[PDB]
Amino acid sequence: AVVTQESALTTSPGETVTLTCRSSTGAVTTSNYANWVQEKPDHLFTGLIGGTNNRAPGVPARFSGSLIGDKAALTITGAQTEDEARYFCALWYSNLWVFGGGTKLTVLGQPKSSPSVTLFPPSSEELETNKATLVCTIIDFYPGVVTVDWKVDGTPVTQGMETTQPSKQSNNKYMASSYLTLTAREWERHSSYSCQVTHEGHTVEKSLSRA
């Protein structure tokens, strides 16, 4: 089976937010022993709910587990600022454990903010070694989610592009960086290169015209 989770959600301190977990095989039930854990920065993990309702010792009352609809759910009543974390779900299918992809929860702890994108062309030193690393850096964006898409002469460059994982700046904002890697020869064949950074419905584009 496959377990499905919403990519990300966002709330304001004090609100009530619900995260769900779903089984592709059918309605989640008690027999799946719905389990929910939290990942905090620096890959710190603490199990919050287990047995589809029971809150682990330590964990505050603001987290509740249940099944609503044909899915498992985790309600965070009056969602605090320190709850901005990643929330994973695991379901037991009487033989193994299927983990879901997590939900990046944001508790708006400061205004929404946009990314500062900058595209770097490949170095000469580097072109000599027959490699062309273009670097795109994304900065000071809040919430911590972005989609990067690359374009070479219009065409989306479908491969050899690696993006990092947003991380926290001291201003609790986030950063990331994407890369495109062509040989020095592929680079020559094209005159236009775009780095596209989408954030909350708004695409930000930064370019360079090679020739």
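Note that residue numbering begins at 1 and tracks the sequence as displayed.
Comparing the deposited coordinates for 197 to 205 and 9 to 17, the stretch with the larger average C-alpha B-factor is 197 to 205. Once the C-alpha B-factors are averaged per stretch, 43 to 51 and 169 to 177 rank with 169 to 177 first.
Across the residues 160, 144, 58, 69, the deposited record lists the maximum Cα B factor for 160. The deposited CA B-factor of residue 184 belongs to the highest third of values across its chain.
Annotation for residue 32: CA B-factor lies in the lowest third of the chain's modelled residues. In this PDB entry, the Cα temperature factor of residue 108 sits in the middle third of its chain's modelled residues. Looking at the C-alpha B-factors along this chain, the one for residue 3 belongs to the lowest third. Ranked by Cα temperature factor within the chain, residue 38 sits in the lowest third according to the deposited record.
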